[PDB]
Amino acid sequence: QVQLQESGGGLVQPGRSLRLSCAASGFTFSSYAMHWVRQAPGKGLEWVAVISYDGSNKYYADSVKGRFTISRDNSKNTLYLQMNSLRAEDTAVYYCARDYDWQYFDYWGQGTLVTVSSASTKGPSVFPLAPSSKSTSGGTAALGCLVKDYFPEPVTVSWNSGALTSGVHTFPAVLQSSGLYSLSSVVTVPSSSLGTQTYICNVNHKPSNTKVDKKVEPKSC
């Protein structure tokens, strides 16, 4: 059957350049237009570019026109996307897709991930998300910790060295425009316990061999 395989994705610094390739398999490559389509973290699909069967017609989304060049080599069954002047907003999974009759996409690759960041390995800073001053014995309180500005993924979070697991939710990370990740972990606890029980979030960042334990306590209000 028809198969498509992207490659070339990875970590690249803003302003630099990167070349993606898409290899094609079960069809006459030179008879079809080919597209690039991308999906940025948490965003909808965004069409990137298309190139006609012989390359004499190319079209580009405005968001990449002038920076990206689509090309093809019909003798090697390969589609290319030359990305220049890369920006943080170009972080995305990039897909190639076969066109059918200038009408719809019919086959797609697996995708290749492109991360645009100037960052090197960097352990997190951990800040407390202290429980609301409006906590009264008889209710529950949300507290947590903000794990910020680390690179690369992942971070793991535990509470009270693994002793506290019920009511914990650790969120996925966001990649901030700075090129660094942040995430949060939150736990719901009895307000009754806030003046007696110690709550510590344990943040492990293996890529930097950093572990941070942060004590989260009520504010001075």
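A residue's number is simply how far along the shown sequence it sits, counting from 1.
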Comparing mean C-alpha B factor in the record for 85-93 and 134-142, the higher one is 134-142
Comparing mean C-alpha B factor in the record for 122-130 and 73-81, the higher one is 73-81
Per the deposited B-factor column, the C-alpha that peaks among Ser52, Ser184, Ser193, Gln39 belongs to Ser193
From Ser166, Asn57, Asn160, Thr170, the top C-alpha temperature factor is at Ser166
For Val216, the third of its chain by CA B-factor is the lowest
Binned into thirds over the chain's modelled residues, the C-alpha B-factor of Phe29 lands in the highest
Split the chain's modelled residues into thirds by Cα B-factor; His205 lands in the lowest
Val189: CA temperature factor from the record, placed by chain third, in the highest
Temperature factor at the Cα of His35, chain-ranked in thirds, falls in the lowest
